[PDB]
Structures are given as C-alpha cells and as structure tokens.
There are 2 protein chains.
Amino acid sequence: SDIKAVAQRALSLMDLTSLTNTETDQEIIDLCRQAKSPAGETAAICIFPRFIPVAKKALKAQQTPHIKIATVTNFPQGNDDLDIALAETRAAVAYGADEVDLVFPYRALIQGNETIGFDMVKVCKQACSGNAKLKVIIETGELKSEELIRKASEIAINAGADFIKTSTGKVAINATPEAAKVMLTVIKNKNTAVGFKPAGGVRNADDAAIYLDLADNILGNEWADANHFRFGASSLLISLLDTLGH
Amino acid sequence: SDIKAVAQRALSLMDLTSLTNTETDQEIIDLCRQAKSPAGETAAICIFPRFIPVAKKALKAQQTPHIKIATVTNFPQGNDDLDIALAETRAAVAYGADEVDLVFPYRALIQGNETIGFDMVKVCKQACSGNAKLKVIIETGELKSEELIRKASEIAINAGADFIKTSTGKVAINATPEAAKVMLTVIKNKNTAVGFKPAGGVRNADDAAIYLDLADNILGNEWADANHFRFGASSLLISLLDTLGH
C-alpha cells in the first residue's frame, strides 16, 4: 500500500502536541526530543504558553530551529471576550511563540454575532505580526452545519488568519472529513496562502491519509507543505513511527 | 484596640496570594471576591501569570479596579537564565500585570556572581517600563548572612527594583525580623522610593506589627503606605478579619 509514504508526509506536518496543563519542564524537554524523531522532524510542537521559554532553550540545544513553537489562546472555550483573547495572544508572543492557535468565538457566531469573531481574529493578527503566525480554531464539531463552517472559515480568513483549524480536541466531535472539505474549499476559493490544520482524533496514518487526500484533490498534490498544512495531534506520532518501522 | 489598628493597616497593605499552580477560574474569582473584604480592599492579589486576564475581568466585574494584580516570574527557583526570566516578565506584562515579583538569582550571587543578578533585574525592569512595577525577591532565608542580604538588596535597587521582597515562601526560612531590618536599612541609606515586602510566615496581626514597627522606626511613621510596603501572605487575611471581628 501507499501507507508509509503517507506516514512520512504526515509526520513532517505534525504539530506535536501536549496540552494537559500539568506538564513538568522535563516533560516539555522530552517533547522537544521526540519532535526530533528517527523518521525526521515534525513541523512544530504545541504547548501551553508558560512552557515556551523552556522549549525554546531545549530546541536550540538540539539544534532544531525549524521545529517551531506553537501555543493556544482563548482555549478551549472560545469565549467572546476580546480583551482576554488579546491579552493571552500578546503574552504568547512575548513568551516567544512562533505560532498561536486562537479559538474563534464560535458560540457567538452560532447566536448570530459575526462581528466579535472578525474583531478578535483581527486584533490577534495585529499582535502576532512580525513575531508569529496566527492559526484560528473554529470548532467544526460544534458549528456542525456546512453553512456555519464555511462562514466561520471566511470570517477568519477575512480577519487575517494564517491558518484555519478544525478543532480544539476538547469537544465531542473534532476533525471530520466533511468539515475538512468545506474548509479546504474555502481556502481554494479565497486564499491558497492560508493553511489548513485538521486536529483532534487523528490517530494514525489511515486518518492522516483522509485529510491529505482531500487537500491533494482540492488544491493539488504539491500544495500541502509545512507552511500550508499541519496535523494537530499527540499520540499520532507513535503510530506513524510504528508504521515506518521505528 | 491598638491591635485592631494594626489588623486594619496590614490588611490594606496585603498582596492576597494564591500560587498553588492548579487554580481554577472559579478559585481565581473567589480570590478576587476575598480581596474585597468586609474591612476594605487589600492592596493587591498575587497569582500565576495565566490567571491575570480572568482576575482582571473579575475585579472590574465587582467594581474594584484599584486592587492591583501582581504575579511571579523566575519563580520559585531563582535560576540564573536571563533569557527565561526576561521572556516570562515580558509575558506577565503583556497579560496585564500591574506588578511582577521577580526571583533574584541568589544562588549565583552566593557563588560570587553579582553581574547576572544586576543584569536580570535591569532588563526585567525595562520590560516593565510604563506598564508595571517590579518587585525583586532576594530570598533572605537562603542568603542568610547580613552581608549577602545587604548586597542583594543594593544590587536590586541599583538595577531598578521598585520593591525588594524577602522570600518566595518556598524555602525553609522566609520572612524574619532580622532580614527586614537589614533590607529597610539599605532602603533608608540608598533610595527611599523603593518599597519593602516581607513574605511567607506572617500569620497574624502580631506578626504584622513586627515588620510595620521596623519600617516606622527606620524610615518614619509616614513611610509605609501601599506604594512602599506590602504583606505577601495568604491565610493572614482570615486572621486579620477575625481580629477586626468579621
């Protein structure tokens, strides 16, 4: 089968994630070590903001500057308080984050407020400029309908998202093929320089193949590189390594 | 009662502190609610940086905007990594901190390195410039000798500290009368605009009265206001309230 090539590609696109909120410094350092895997480096790691300085030091020491540090803000609830989301994003940037995964206020959109979503992504993009990329989590599992998923994707991109992301991993339904298709379609129609990040429930190479196949069909075989595509996952890495015989 | 006069004074100078590192948002909100006591507002609360936005919302919600939000960095170990301490301080400010309690690299000082402590305080002070006050924790319990306690105090003040603070609360010996006398004397001799914060072990009004008397005797009855004196404590508030009859 084609499963090993898929596994290799997926691994290089991973945001290797630990978000238990009870990590120790040692566990953060181990995560940095694991990101440098026998089958190549992941695109990035993803951790809570306070761990960024320890991670930055660990990544420098093992000489992996191409492994970026992602973090999360307004996470995971996606509340509609702009001052809080902005302060957290500024802090993340001040910590040294390379990327900030911001949770879009999806409940406010559901209730019919499209403005708060736009304003929040916009100010957080401004705060990131010259320091970090902005990924926006729209929580497709809660948005449910194709209409809202499309809408949220369009608003996020209009407001300045560098990536659009499916899920926080913290609700019942996270990444799904149908949600992925809608978001990739919005990217193709609006801005192919905006990246896509399926996250939550991506267990193995088979799952990974689902989303890579969609990106390939919709935007072309060459589109999904580390600057256009990420897998938000944790235990996926162990699975991929096993598929690759490590 | 003379001691009720003390309980009232000490209460108004408190940094009501919770640093378990497992706080919930509700526990942070509860802490703010406690800062608004039946005997008046404390000077500040002190919490880990990630809780600052929620606390700020909670204090505004209860219409107590003048209760300061302090936080901690390089805490509690006081390592000698400037880049880490700087990043954490920048983040604390970006979160919205009114005050940052930085732990001085006291082990480095004990080892004969004076420059790293000076440099750390200076860049962290510059990081606070125009947004926050900087408290410097010198850890008198570990410095032990009067010479070292005096030295750390002088370094902190010369490098730009707004307060010098006795202890983290995390070592064997925290706030002591003897360490307070040394630190207040340096303040009197060098820069009377620099505040003093005894922390850890101040259980009640009698304990409070000890440090307030030292400040009064050394610098004058008028010197010790919320801009020059703080109590770093937790359980002390319940005791003071019990003294004032609440």
# chains A, B, ... in the order shown; residues from 1 in each chain; ligands from 1

call {"tool": "select_by_dssp", "arguments": {"residues": "region 98-153 of chain B", "states": "alpha helix (DSSP H)", "output": "MDAnalysis selection string"}}
result
chainID B and resid 106:110 115:128 140:143 146:153

call {"tool": "write_last_selection", "arguments": {"atoms": "N, CA and C atoms", "output": "compact mmCIF listing (two decimals), in the first residue's frame"}}
result
# COMPACT_ATOMS: atom_id res chain seq x y z
N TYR B 106 19.76 34.28 43.45
CA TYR B 106 20.52 34.37 44.69
C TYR B 106 21.62 33.31 44.78
N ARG B 107 21.40 32.13 44.20
CA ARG B 107 22.44 31.10 44.22
C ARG B 107 23.67 31.56 43.44
N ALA B 108 23.44 32.28 42.35
CA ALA B 108 24.53 32.85 41.57
C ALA B 108 25.30 33.89 42.39
N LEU B 109 24.56 34.71 43.15
CA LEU B 109 25.18 35.72 44.00
C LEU B 109 26.05 35.07 45.06
N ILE B 110 25.51 34.04 45.69
CA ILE B 110 26.23 33.28 46.71
C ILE B 110 27.52 32.69 46.13
N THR B 115 27.01 40.28 38.72
CA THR B 115 26.58 40.86 37.45
C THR B 115 25.29 40.26 36.89
N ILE B 116 25.11 38.94 36.99
CA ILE B 116 23.93 38.30 36.40
C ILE B 116 22.66 38.76 37.11
N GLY B 117 22.74 38.97 38.42
CA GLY B 117 21.60 39.45 39.18
C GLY B 117 21.25 40.88 38.81
N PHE B 118 22.27 41.71 38.68
CA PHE B 118 22.08 43.10 38.28
C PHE B 118 21.43 43.17 36.91
N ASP B 119 22.00 42.42 35.97
CA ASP B 119 21.53 42.43 34.59
C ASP B 119 20.10 41.92 34.48
N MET B 120 19.77 40.88 35.24
CA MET B 120 18.44 40.29 35.18
C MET B 120 17.39 41.31 35.64
N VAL B 121 17.64 41.93 36.78
CA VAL B 121 16.72 42.93 37.33
C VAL B 121 16.55 44.09 36.36
N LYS B 122 17.66 44.52 35.75
CA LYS B 122 17.63 45.69 34.87
C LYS B 122 16.77 45.46 33.61
N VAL B 123 16.97 44.33 32.93
CA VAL B 123 16.22 44.08 31.71
C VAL B 123 14.75 43.81 32.03
N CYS B 124 14.49 43.14 33.15
CA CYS B 124 13.12 42.87 33.58
C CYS B 124 12.41 44.16 33.99
N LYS B 125 13.16 45.08 34.59
CA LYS B 125 12.63 46.40 34.93
C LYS B 125 12.26 47.15 33.66
N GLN B 126 13.19 47.17 32.70
CA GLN B 126 12.95 47.77 31.39
C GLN B 126 11.74 47.15 30.70
N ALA B 127 11.53 45.86 30.91
CA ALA B 127 10.37 45.17 30.34
C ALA B 127 9.08 45.65 30.99
N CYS B 128 9.18 46.14 32.22
CA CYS B 128 8.02 46.61 32.95
C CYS B 128 7.71 48.08 32.65
N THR B 140 16.01 35.91 51.41
CA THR B 140 16.85 36.15 52.57
C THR B 140 17.12 34.89 53.38
N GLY B 141 16.19 33.94 53.30
CA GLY B 141 16.34 32.68 54.01
C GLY B 141 17.51 31.88 53.49
N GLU B 142 17.81 32.04 52.20
CA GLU B 142 18.93 31.34 51.58
C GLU B 142 20.21 32.17 51.59
N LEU B 143 20.07 33.49 51.51
CA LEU B 143 21.23 34.37 51.59
C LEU B 143 21.83 34.32 52.99
N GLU B 146 24.07 38.80 56.77
CA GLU B 146 23.72 40.21 56.61
C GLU B 146 24.42 40.81 55.40
N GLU B 147 25.68 40.42 55.19
CA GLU B 147 26.45 40.89 54.04
C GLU B 147 25.76 40.56 52.71
N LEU B 148 25.30 39.32 52.57
CA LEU B 148 24.66 38.90 51.32
C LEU B 148 23.29 39.54 51.16
N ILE B 149 22.54 39.61 52.25
CA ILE B 149 21.23 40.24 52.23
C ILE B 149 21.36 41.72 51.86
N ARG B 150 22.38 42.39 52.41
CA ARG B 150 22.62 43.79 52.08
C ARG B 150 23.03 43.91 50.61
N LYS B 151 23.89 43.00 50.17
CA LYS B 151 24.40 43.02 48.80
C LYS B 151 23.29 42.81 47.77
N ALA B 152 22.47 41.79 47.96
CA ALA B 152 21.36 41.53 47.05
C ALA B 152 20.42 42.73 46.99
N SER B 153 20.15 43.32 48.15
CA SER B 153 19.28 44.49 48.23
C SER B 153 19.85 45.67 47.44

call {"tool": "interface_residues", "arguments": {"of": "chain B", "to": "chain A", "cutoff": "7 Å", "atoms": "only C-alpha atoms", "output": "list in words"}}
result
residues 53, 84, 87, 88, 90, 91, 92, 94, 95 and 96 of chain B

call {"tool": "write_last_selection", "arguments": {"atoms": "N, CA, C and O atoms", "output": "mmCIF file, in the first residue's frame"}}
result
data_model
loop_
_atom_site.group_PDB
_atom_site.id
_atom_site.type_symbol
_atom_site.label_atom_id
_atom_site.label_comp_id
_atom_site.auth_asym_id
_atom_site.auth_seq_id
_atom_site.Cartn_x
_atom_site.Cartn_y
_atom_site.Cartn_z
ATOM 1 N N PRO B 53 -5.757 37.640 33.069
ATOM 2 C CA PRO B 53 -6.925 38.177 32.358
ATOM 3 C C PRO B 53 -8.259 37.905 33.060
ATOM 4 O O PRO B 53 -9.112 38.796 33.114
ATOM 5 N N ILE B 84 15.211 33.381 29.979
ATOM 6 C CA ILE B 84 13.976 32.812 30.510
ATOM 7 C C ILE B 84 13.235 33.852 31.350
ATOM 8 O O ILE B 84 12.051 34.103 31.134
ATOM 9 N N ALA B 87 11.744 36.659 29.262
ATOM 10 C CA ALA B 87 10.581 36.254 28.480
ATOM 11 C C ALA B 87 9.341 36.162 29.377
ATOM 12 O O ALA B 87 8.288 36.692 29.037
ATOM 13 N N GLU B 88 9.484 35.514 30.530
ATOM 14 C CA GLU B 88 8.397 35.405 31.496
ATOM 15 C C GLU B 88 7.915 36.779 31.991
ATOM 16 O O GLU B 88 6.716 36.980 32.211
ATOM 17 N N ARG B 90 8.207 39.752 30.303
ATOM 18 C CA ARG B 90 7.508 40.341 29.165
ATOM 19 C C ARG B 90 6.086 39.787 29.011
ATOM 20 O O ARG B 90 5.156 40.527 28.669
ATOM 21 N N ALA B 91 5.926 38.488 29.258
ATOM 22 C CA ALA B 91 4.620 37.840 29.152
ATOM 23 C C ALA B 91 3.681 38.309 30.260
ATOM 24 O O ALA B 91 2.514 38.634 30.010
ATOM 25 N N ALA B 92 4.201 38.341 31.483
ATOM 26 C CA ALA B 92 3.462 38.864 32.627
ATOM 27 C C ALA B 92 2.916 40.269 32.338
ATOM 28 O O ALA B 92 1.747 40.563 32.599
ATOM 29 N N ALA B 94 2.478 41.645 29.308
ATOM 30 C CA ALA B 94 1.526 41.535 28.207
ATOM 31 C C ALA B 94 0.174 40.964 28.654
ATOM 32 O O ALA B 94 -0.866 41.337 28.116
ATOM 33 N N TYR B 95 0.195 40.057 29.629
ATOM 34 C CA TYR B 95 -1.031 39.523 30.226
ATOM 35 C C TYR B 95 -1.868 40.625 30.888
ATOM 36 O O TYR B 95 -3.093 40.525 30.967
ATOM 37 N N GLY B 96 -1.191 41.654 31.386
ATOM 38 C CA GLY B 96 -1.845 42.767 32.050
ATOM 39 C C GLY B 96 -1.431 42.948 33.504
ATOM 40 O O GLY B 96 -2.153 43.572 34.272
#

call {"tool": "select_by_dssp", "arguments": {"residues": "region 155-223 of chain A", "states": "strand (DSSP E)", "output": "JSON, numbers by chain"}}
result
{"A": [163, 164, 165, 195, 196, 197]}

call {"tool": "write_last_selection", "arguments": {"atoms": "N, CA and C atoms", "output": "PDB file, in the first residue's frame"}}
result
ATOM      1  N   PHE A 163      -3.691  30.421   9.252  1.00  0.00           N
ATOM      2  CA  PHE A 163      -4.208  29.056   9.151  1.00  0.00           C
ATOM      3  C   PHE A 163      -5.643  29.034   9.642  1.00  0.00           C
ATOM      4  N   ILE A 164      -6.452  28.131   9.099  1.00  0.00           N
ATOM      5  CA  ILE A 164      -7.710  27.793   9.751  1.00  0.00           C
ATOM      6  C   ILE A 164      -7.654  26.341  10.225  1.00  0.00           C
ATOM      7  N   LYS A 165      -8.174  26.115  11.426  1.00  0.00           N
ATOM      8  CA  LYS A 165      -8.004  24.849  12.129  1.00  0.00           C
ATOM      9  C   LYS A 165      -9.359  24.299  12.556  1.00  0.00           C
ATOM     10  N   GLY A 195      -3.234  28.357   5.412  1.00  0.00           N
ATOM     11  CA  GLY A 195      -3.053  26.946   5.682  1.00  0.00           C
ATOM     12  C   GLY A 195      -4.237  26.267   6.348  1.00  0.00           C
ATOM     13  N   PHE A 196      -4.207  24.938   6.334  1.00  0.00           N
ATOM     14  CA  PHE A 196      -5.259  24.129   6.930  1.00  0.00           C
ATOM     15  C   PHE A 196      -4.698  23.179   7.995  1.00  0.00           C
ATOM     16  N   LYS A 197      -5.366  23.104   9.141  1.00  0.00           N
ATOM     17  CA  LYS A 197      -4.916  22.228  10.220  1.00  0.00           C
ATOM     18  C   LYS A 197      -6.058  21.389  10.805  1.00  0.00           C
TER      19      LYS A 197
END

call {"tool": "residues_around", "arguments": {"residues": "residue 17 (chain A)", "least_positions_apart": "2", "cutoff": "9 Å", "atoms": "only C-alpha atoms", "output": "PyMOL selection string"}}
result
chain A and resi 14-15+19+31+44-47+70+232-235

call {"tool": "write_last_selection", "arguments": {"atoms": "N, CA and C atoms", "output": "compact mmCIF listing (two decimals), in the first residue's frame"}}
result
# COMPACT_ATOMS: atom_id res chain seq x y z
N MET A 14 3.33 17.44 11.33
CA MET A 14 2.74 17.41 12.67
C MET A 14 3.07 18.63 13.53
N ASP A 15 2.05 19.10 14.23
CA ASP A 15 2.25 19.92 15.41
C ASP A 15 2.20 18.97 16.61
N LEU A 19 -1.01 19.21 25.76
CA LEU A 19 -1.80 20.25 26.40
C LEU A 19 -2.59 19.69 27.57
N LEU A 31 9.39 16.28 25.04
CA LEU A 31 8.55 16.52 23.87
C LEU A 31 9.39 17.09 22.74
N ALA A 44 6.44 21.24 14.10
CA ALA A 44 6.36 22.05 15.31
C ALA A 44 5.96 21.23 16.52
N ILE A 45 6.02 21.87 17.69
CA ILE A 45 5.39 21.35 18.89
C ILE A 45 4.29 22.33 19.31
N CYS A 46 3.35 21.88 20.13
CA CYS A 46 2.29 22.76 20.61
C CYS A 46 2.06 22.53 22.09
N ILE A 47 2.23 23.60 22.87
CA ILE A 47 2.23 23.52 24.32
C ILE A 47 1.58 24.77 24.92
N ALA A 70 4.38 26.28 18.69
CA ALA A 70 3.01 26.75 18.66
C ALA A 70 2.43 26.74 20.07
N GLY A 232 -2.74 18.60 13.91
CA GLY A 232 -2.72 18.82 15.34
C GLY A 232 -2.97 17.52 16.07
N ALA A 233 -1.92 16.95 16.67
CA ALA A 233 -2.04 15.63 17.28
C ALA A 233 -1.00 15.36 18.36
N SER A 234 -1.23 14.32 19.15
CA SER A 234 -0.26 13.87 20.15
C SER A 234 0.21 12.44 19.87
N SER A 235 -0.62 11.46 20.21
CA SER A 235 -0.22 10.06 20.10
C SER A 235 -0.15 9.55 18.66

call {"tool": "residues_around", "arguments": {"residues": "residue 220 (chain B)", "least_positions_apart": "4", "cutoff": "12 Å", "atoms": "only C-alpha atoms", "output": "ChimeraX atom specification"}}
result
/B:184-185,188,192,212-216,224-225,228

call {"tool": "write_last_selection", "arguments": {"atoms": "N, CA, C and O atoms", "output": "PDB file, in the first residue's frame"}}
result
ATOM      1  N   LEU B 184      15.363  47.163  55.127  1.00  0.00           N
ATOM      2  CA  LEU B 184      14.841  48.513  55.364  1.00  0.00           C
ATOM      3  C   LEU B 184      15.959  49.534  55.556  1.00  0.00           C
ATOM      4  O   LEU B 184      15.801  50.709  55.219  1.00  0.00           O
ATOM      5  N   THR B 185      17.085  49.094  56.104  1.00  0.00           N
ATOM      6  CA  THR B 185      18.207  50.000  56.342  1.00  0.00           C
ATOM      7  C   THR B 185      18.877  50.378  55.026  1.00  0.00           C
ATOM      8  O   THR B 185      19.247  51.537  54.823  1.00  0.00           O
ATOM      9  N   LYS B 188      16.666  52.910  53.377  1.00  0.00           N
ATOM     10  CA  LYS B 188      16.842  54.216  54.003  1.00  0.00           C
ATOM     11  C   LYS B 188      18.141  54.866  53.535  1.00  0.00           C
ATOM     12  O   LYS B 188      18.183  56.060  53.251  1.00  0.00           O
ATOM     13  N   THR B 192      14.786  55.823  49.138  1.00  0.00           N
ATOM     14  CA  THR B 192      13.590  55.708  49.965  1.00  0.00           C
ATOM     15  C   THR B 192      12.312  55.534  49.147  1.00  0.00           C
ATOM     16  O   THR B 192      11.229  55.380  49.709  1.00  0.00           O
ATOM     17  N   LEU B 212       5.888  46.244  60.554  1.00  0.00           N
ATOM     18  CA  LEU B 212       5.427  47.624  60.461  1.00  0.00           C
ATOM     19  C   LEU B 212       6.173  48.530  61.445  1.00  0.00           C
ATOM     20  O   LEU B 212       6.456  49.689  61.136  1.00  0.00           O
ATOM     21  N   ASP B 213       6.500  47.998  62.621  1.00  0.00           N
ATOM     22  CA  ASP B 213       7.241  48.766  63.618  1.00  0.00           C
ATOM     23  C   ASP B 213       8.661  49.050  63.141  1.00  0.00           C
ATOM     24  O   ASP B 213       9.199  50.136  63.370  1.00  0.00           O
ATOM     25  N   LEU B 214       9.266  48.066  62.484  1.00  0.00           N
ATOM     26  CA  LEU B 214      10.602  48.234  61.926  1.00  0.00           C
ATOM     27  C   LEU B 214      10.608  49.337  60.872  1.00  0.00           C
ATOM     28  O   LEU B 214      11.462  50.222  60.896  1.00  0.00           O
ATOM     29  N   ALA B 215       9.645  49.282  59.957  1.00  0.00           N
ATOM     30  CA  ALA B 215       9.521  50.302  58.918  1.00  0.00           C
ATOM     31  C   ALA B 215       9.326  51.683  59.536  1.00  0.00           C
ATOM     32  O   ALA B 215      10.020  52.631  59.169  1.00  0.00           O
ATOM     33  N   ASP B 216       8.392  51.786  60.480  1.00  0.00           N
ATOM     34  CA  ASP B 216       8.144  53.045  61.175  1.00  0.00           C
ATOM     35  C   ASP B 216       9.401  53.562  61.874  1.00  0.00           C
ATOM     36  O   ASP B 216       9.735  54.736  61.763  1.00  0.00           O
ATOM     37  N   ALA B 224       5.457  53.913  55.345  1.00  0.00           N
ATOM     38  CA  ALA B 224       4.880  52.642  54.914  1.00  0.00           C
ATOM     39  C   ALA B 224       3.439  52.745  54.415  1.00  0.00           C
ATOM     40  O   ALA B 224       2.497  52.499  55.167  1.00  0.00           O
ATOM     41  N   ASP B 225       3.270  53.097  53.146  1.00  0.00           N
ATOM     42  CA  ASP B 225       1.962  53.027  52.509  1.00  0.00           C
ATOM     43  C   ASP B 225       1.983  51.923  51.460  1.00  0.00           C
ATOM     44  O   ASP B 225       3.011  51.276  51.259  1.00  0.00           O
ATOM     45  N   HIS B 228       4.911  51.565  49.263  1.00  0.00           N
ATOM     46  CA  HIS B 228       6.221  51.328  49.862  1.00  0.00           C
ATOM     47  C   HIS B 228       6.287  50.069  50.728  1.00  0.00           C
ATOM     48  O   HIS B 228       7.361  49.687  51.196  1.00  0.00           O
TER      49      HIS B 228
END

call {"tool": "closest_residue", "arguments": {"among": "B:11, B:59, B:241, B:186", "to": "residue 156 (chain B)", "atoms": "only C-alpha atoms"}}
result
B:186

call {"tool": "closest_residue", "arguments": {"among": "A:145, A:39, A:67, A:134", "to": "residue 238 (chain A)", "atoms": "only C-alpha atoms"}}
result
A:39
